[PDB]
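# Overview (structure and organization)
Spelled out from the first residue to the last, the chains are:
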Amino acid sequence: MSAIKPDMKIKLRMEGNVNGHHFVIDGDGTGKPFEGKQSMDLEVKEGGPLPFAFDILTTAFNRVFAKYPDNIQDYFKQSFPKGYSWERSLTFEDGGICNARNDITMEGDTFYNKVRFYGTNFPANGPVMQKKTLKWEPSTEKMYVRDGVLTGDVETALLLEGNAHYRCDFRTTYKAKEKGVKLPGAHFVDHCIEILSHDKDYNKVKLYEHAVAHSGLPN
């Protein structure tokens with residue numbers, strides 16, 4: 001019997017600053033850790049309407065919601081009940097840079113998330129500050145160990161209006177709270193993130209993510 005139930009609740013608070021614009025966003029959702037699926041309702045509480053593309057934030061709103069096969073060590077499920085934290089750099093092709101972190105805890109059937117998101121050096125004429133993004137392309141996260149730390153690299157892109165892509169490189173470090181959770185072997189995580197619904201200025205958003213771990217093969 002596991003600390004992690006087939007159905008778990010999610011409670012989040014994000015505070016952040018992009019190009020000097022302060023905001024606070026709350027989230028409430030549910031997910032299925034063993035199926036690799038989560039959805040959540042987000043609401044901007046302060047700083048709305050946001051003057052930048054909501055899409056830059058969405059990967060910051062937990063790899064516990066990833067379907068892991070038996071033959072890959074699941075570092076994220078093994079980290080509970082005490083939990084884990086991640087730190088992420090997002091590097092955009094036009095010099096925009098973000099730093100995000102999440103400290104994740106579990107109380108009963110609920111994951112609590114303390115999220116911080118800091119963004120700077122977005123050009124005022126670029127697609128983030130002009131709100132020209134449409135979605136993230138599905139991508140594959142490469143997981144590996146660097147200097148004894150579990151590291152995930154993604155090379156991906158935002159689709160823009162007008163048949164263009166805006167490229168972004170992600171690097172995330174993941175750290176169990178508990179001393180002694182064994183690191184996994186190198187592997188991949190396929191993921192897809194989608195905004196299912198939104199209101200006029202993206203003050204209320206429903207967000208969905210699906211993630212599957214694998215070793216790079218078909219069988």
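Per chain, the count goes from 1 following the written sequence and can depart from the entry's numbering; residues without coordinates do not appear at all. Hydrogens and water are ignored here; the side-chain numbers use all heavy atoms of the structure.

Per the deposited record, the coordinates in this entry were obtained by X-ray crystallography to a resolution of 1.750 Å.

## Here we look at the side chain of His191
Here is the rule: What counts as a helix is a DSSP run of H or I of at least four residues, what counts as a strand is a run of E of at least two, and both are numbered from the N terminus. Exposed residues in this analysis have more than 50% of their type's maximum accessible area, buried residues have under 20%, and partly exposed residues fall in between, with area computed by a 1.4 Å probe over protein chains only. Here a polar contact means two N or O atoms within 3.5 Å. Within protein one must be a hydrogen donor candidate and the other an acceptor candidate, and residues neighboring in sequence count only if both atoms are side-chain atoms.
The residue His191 is located in strand β11 (residues 187-198) in this model. According to the relative accessible area criterion, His191 is buried, its value standing at 13%. Engagement of the side chain of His191 in a polar contact is seen with the side chain of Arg63, the distance being 3.4 Å. Within the local environment of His191, its side chain forms a polar contact with the side chain of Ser139, the two groups lying 2.7 Å apart.

## Some thoughts on the packing of aromatic side chains
To be explicit about the condition: Centre distance within 6.5 Å is the pairing criterion for rings of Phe, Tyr and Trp, where only the six-membered ring of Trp is used; planes under 30 degrees apart are then read as stacked, over 60 as edge-to-face, and the remainder as tilted. A ring has a charge above it when a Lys NZ or an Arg CZ is no more than 6 Å from the ring centre and no more than 35 degrees off the ring normal.
All chains considered together, the criterion is met by 14 aromatic pairs. Taking 6.0 Å as the distance between ring centres and 90° as the angle between the ring planes, the aromatic pair formed by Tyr75 and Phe76 counts as edge-to-face. Here the two residues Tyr75 and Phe76 agree in accessibility, since each one is buried. Three or more aromatic residues joined by ring pairs form one cluster here, namely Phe65, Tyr68, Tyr75, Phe76, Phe80, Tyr84, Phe111 and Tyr174. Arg88 extends its terminal NZ or CZ atom over the ring of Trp86, reaching a point 4.0 Å from the ring centre.

## Re empty space enclosed by the protein
Here is the rule: Cavities and pockets are found on a 1 Å grid laid over the protein atoms alone: a cavity is a set of points where a 1.4 Å probe fits but cannot escape, a pocket is an open set with protein on both sides within 12 Å along at least five of seven lines, and a lining residue has an atom within 4 Å of such a point. Grid points are joined across faces, edges and corners, and a volume is the space filled by probe spheres set on the points. Under the convention adopted here, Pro, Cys and the residues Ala, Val, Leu, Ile, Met, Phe, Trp and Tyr are nonpolar, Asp, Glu, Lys and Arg are charged, and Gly plus all remaining residues are polar.
One number sums up the size of the second largest cavity: a volume of about 40 Å³. Contributing to the lining of the second largest cavity are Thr59, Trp136, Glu137, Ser139, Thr156, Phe170, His191 and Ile193. Counted by class, the lining of the second largest cavity contains three nonpolar, four polar and one charged residues.

## Here's the deal with the pattern of salt bridges
Any two side chains of opposite charge can pair, given that their charged atoms come close. This is how the line gets drawn: Any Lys or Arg side-chain nitrogen found within 4 Å of a carboxyl oxygen on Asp or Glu counts as a salt bridge.
By the definition in use, this model includes 12 salt bridges. With a closest N to O distance of 3.4 Å, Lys200 and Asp201 form a salt bridge. Judged by relative accessible area, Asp201 falls into the partly exposed class, the value being 27%. By sharing partners, the salt bridges in this structure join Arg13, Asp26 and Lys45 into a single network.

## Concerning the pairing of strand β2 (residues 21-32)
Heads up, the rule is: For two strands to count as paired, DSSP must find a minimum of two bridges between them.
By the bridge criterion, 11 bridges tie strand β1 (residues 8-18) to β2 in an arrangement that is antiparallel. Within the sheet, the bridge partner assigned to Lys11 lies in β2 and is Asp28. Hairpin connection between β1 and β2: a loop of two residues separates the two successive antiparallel strands, and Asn19 in this loop has a positive phi of roughly 55°. With nine bridges joining them, β2 and strand β3 (residues 37-46) adopt antiparallel strand pairing. If you follow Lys32 over to β3, its bridge partner there is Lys37.

## Brief notes about the state of the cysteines
Selection rule: Any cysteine sulfur atom paired with another within 2.5 Å is treated as part of a disulfide.
Summed over all chains, the structure comprises zero disulfides. No disulfide involves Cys168; its nearest neighbouring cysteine sulfur is the one of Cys98, lying 7.3 Å away. Residue class for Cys168 comes out buried when judged on its relative accessible area of 0%. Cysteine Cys192 shares no disulfide, and the gap to the nearest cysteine sulfur, in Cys168, comes to 16 Å. The partly exposed category is assigned to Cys192, whose relative accessible area is 27%.

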